[PDB]
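Peer 1: Sequence first, structure after; it's an experimental one.
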Amino acid sequence: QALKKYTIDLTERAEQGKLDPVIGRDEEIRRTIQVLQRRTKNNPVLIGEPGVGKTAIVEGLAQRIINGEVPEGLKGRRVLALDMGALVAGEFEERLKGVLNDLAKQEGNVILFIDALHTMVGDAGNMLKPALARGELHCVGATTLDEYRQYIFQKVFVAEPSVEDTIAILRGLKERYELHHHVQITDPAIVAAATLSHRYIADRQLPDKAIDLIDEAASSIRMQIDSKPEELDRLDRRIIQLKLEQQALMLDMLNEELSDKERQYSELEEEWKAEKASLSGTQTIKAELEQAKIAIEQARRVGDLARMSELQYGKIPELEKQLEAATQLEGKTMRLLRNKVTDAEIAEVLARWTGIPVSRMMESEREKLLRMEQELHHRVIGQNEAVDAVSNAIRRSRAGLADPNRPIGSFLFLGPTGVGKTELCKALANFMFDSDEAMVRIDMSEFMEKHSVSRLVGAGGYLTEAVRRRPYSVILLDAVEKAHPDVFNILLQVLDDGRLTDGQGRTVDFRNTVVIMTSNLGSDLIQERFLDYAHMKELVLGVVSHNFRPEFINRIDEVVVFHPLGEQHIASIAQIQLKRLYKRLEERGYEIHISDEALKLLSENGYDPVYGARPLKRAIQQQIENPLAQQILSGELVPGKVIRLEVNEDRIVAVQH
Ligand SMILES: Nc1ncnc2c1ncn2[C@@H]1O[C@H](COP(=O)(O)OP(=O)(O)O)[C@@H](O)[C@H]1O
Ligand SMILES: Nc1ncnc2c1ncn2[C@@H]1O[C@H](COP(=O)(O)OP(=O)(O)O)[C@@H](O)[C@H]1O
């Protein structure tokens, strides 16, 4: 009986109704069942990244066995999960031997479950090998594919549920969790949990991370409930203060205001208790309801008779009616204490995790979108047609006026260098994705070969991995004309399917991304134009047809033309570049203003037609930041005095007048 010591009986747990409900996973369970009765290589292995509910599938199978929804071959079978802990508490091999003995004793009525299957074979227990082929033991694996790469039984692949699936799962677990945490859970909190966990948490997987959000928020709410209310602390401190003062004076007066405040503090206190009572009641009955439901599920099993109709008709709906009567009573009675876990709570927990202010997490998206041109113009200066096209396309996408199976947007940027293409990329990344850090930059110059379409996909790939870890990002493909012909096909697959199958066979989801492609092909004809504010697109389309096939031009949302930078433009770019410096100096108490002619010097030294505004930054770094740092470290320039940037001879100088 090493099973009593070294295993947990899952069918036993399911029989007691102590297993949480399993929502979805119908096909995976059915498959596993199909494989368990397999004539050879029967036993099956659940393969998927941690937290996707492989164990959930096992428990679901157990529940089906107990409920008798499984084929006659699996009726009455027992599912036991082998625990890795109790074994290692030379004893390992002997204990495991006893386990295999016990499993060979009933010969086929017991199914063993091994989570992290690699740990058994791979601290690499060897003795397990005979029982598989001999048929002494029938087991179900749960292992990662990585570890099934290590190990290479039947392949059973457990995918990761989508947002909708996760939501259904959480809605199924909702009552159990409400009971578990002594709280109410809002459906907005559920959808917010799934959605936000999907978006912001990169490393973890669904449903698990969403469930963690829910859990933590529930803990927070619990602690908030237990704690003494604000008003009561306020009043206690206040009356203690007035007590102090009064006894020190021993004014009357205060004597009255004491008493009154003691009446109030009394009333509130009683109210507090009352509320607590209500809560407690609502929980107890809840528990009882559960115990009733489990009970009727026992009654279906062993066949009590008037029992089940008494529970179904008498007990369950009475408890159900006074439960929501208690919740509507809660609706009336609850003031000082809030038991409802909302989307706001989920937001606060994921705030704790991520570090986002969370104003962004729920800031109104429609107002963000409608004002988009302005927001993008806060960073990108000039290039009005570009911002217009991009903003319009993204608006179309978010309004749901476009194919849902394609990326949010697809743009081809055309024009010279240094005109702010990459600037608009970073601006987009910031605007929608809350950082420039959510961007994926790939130079196409380094993919010209067959080893190119190899490298970025697989044979992992530079692209697929980045998009998999960061589904919301701006994918910028620079100098796309240099690309290897095999890559363009992959690009079409992304622009169309909104997904891409890699060298490993798994599909990466691009539907949350904005795909931007830049090219210098139009640079000459564009610099040679302004021609009308319109016809340019036709003119350059002419040169587009040479290097690009109709498929590509038609599958991208907008083809963007970037104009060279005017004088006032470069001036403004300069000022924006000076903002950061201004800020860093503002922190130390320096105020800097720049002369118009000095700004002209910067604008001149920062712009040449071939590199555009690229030289500008280190034109500032060299001509301004260097002597500035010199004087700051010198002590010549002192905080609390305005620093004017003027010109001396042809060179820029800093002064305190
Ligand atoms: N279909 C489902 N129905 C209900 N809960 C699920 C489902 N899939 C996953 N879960 C939940 O996800 C949580 C973590 O899943 P888990 O089985 O630990 O993942 P894995 O074992 O595959 O790493 C579990 O608490 C489980 O309740
Ligand atoms: N339209 C613009 N708006 C704001 N900054 C710009 C603009 N054009 C150029 N710059 C500045 O010039 C630098 C280089 O420009 P960049 O966007 O990289 O050009 P390209 O997209 O052709 O590589 C950027 O860091 C940016 O600060």
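Peer 2: That came through fine. Numbers count the residues shown, from 1 in each chain. Ligands and ions are numbered 1, 2, ... in the order given.
Peer 1: C-alpha from now on. contacts and neighbour counts both.
Peer 2: OK.
Peer 1: residues in contact with residue 73?
Peer 2: For residue 73, the set of contacting residues under the criterion of CA atoms under 8 Å, 6 or more residues apart in numbering consists of residue 37.
Peer 1: hang on, I meant residue 64
Peer 2: For residue 64, the contact set (CA under 8 Å, 6+ apart) comprises residue 70.
Peer 1: For this protein, what lies in contact range of ligand 1?
Peer 2: By the criterion of CA under 6 Å from any ligand atom, the positions of the chain lying close to ligand 1 are 21-25, 50-56, 169, 207-208.
Peer 1: which of the residues you listed has the most neighbours?
Peer 2: For the residues of the chain next to ligand 1, neighbours were counted using other CA atoms under 10 Å, and residue 54 has the most, 26 neighbours in all.
Peer 1: Contact partners for the residue lying closest to that one once chain neighbours are set aside?
Peer 2: Distance criterion CA to CA, 6 or more residues apart in numbering; nearest residue to residue 54, sequence neighbours excluded, is residue 46 at 6.1 Å. The contact partners of residue 46, taken as CA under 8 Å, 6+ apart, are 54, 140-143, 155-158.
Peer 1: Next: residue 308.
Peer 2: Shown here is residue 308, whose contacts under the criterion CA under 8 Å, 6+ apart are 296, 299-300.
Peer 1: quick one on the thing from earlier: spatially, which two of the residues of the chain next to ligand 1 are the most separated?
Peer 2: The widest separation within these, taken as CA to CA, falls between 21 and 50 and amounts to 19.0 Å.
Peer 1: What residues of the helix or strand where residue 166 lies count as buried?
Peer 2: Using DSSP states H and E, residue 166 sits in helix 163-181. By neighbour count, with 16 or more other CA atoms under 10 Å as the criterion, the buried positions of helix 163-181 are 163, 165-179, 181.
Peer 1: counting contacts, what elements does that helix pack onto?
Peer 2: Counting contacts by 3 or more CA pairs under 8 Å, 6 or more residues apart in numbering; DSSP states H and E, helix 163-181 is packed against strand 184-185, helix 187-200, helix 208-226, helix 254-302.
Peer 1: Those into a markdown table, with extra columns for distance to residue 645?
Peer 2: Compiled in a markdown table, the helices and strands packed on helix 163-181 are given as follows (distance: least, CA to CA, whole Å):
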| stretch | distance to residue 645 |
| --- | --- |
| strand 184-185 | 59 |
| helix 187-200 | 43 |
| helix 208-226 | 52 |
| helix 254-302 | 63 |
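Peer 1: Of the ones you listed, which is nearest ligand 2?
Peer 2: Closest to ligand 2 of these, according to CA to the nearest ligand atom: helix 187-200, at 26.9 Å.
Peer 1: what's the angle between the closest one and helix 208-226?
Peer 2: 130 degrees (axes from the mean of the first three to the mean of the last three CA atoms, to 10 degrees).
Peer 1: chain center to helix 187-200, what's the gap?
Peer 2: Here helix 187-200 is found 8 Å from its chain centre; the criterion is CA atoms, centre = their mean, to the nearest Å.
Peer 1: same for that helix, what does it pack against?
Peer 2: The contact analysis (3+ CA pairs under 8 Å, 6+ apart) places helix 187-200 against helix 163-181, helix 208-226, helix 343-354.
Peer 1: got CSV for those helices, with distance to residue 89 too?
Peer 2: Written out in CSV, the entries for the helices and strands packed on helix 187-200 read as follows (distance: least, CA to CA, whole Å):
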stretch, distance to residue 89
helix 163-181, 31
helix 208-226, 29
helix 343-354, 34
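Peer 1: Just give the nearest non-adjacent residue to the closest residue to ligand 2 within the stretch 1-150 of the chain, would you?
Peer 2: Sorted by distance to ligand 2 under CA to the nearest ligand atom, the residues of the stretch 1-150 of the chain start with residue 49, at 38.4 Å. Once flanking residues are discounted, residue 49 sits nearest to residue 144: 5.6 Å by CA to CA, 6+ apart.
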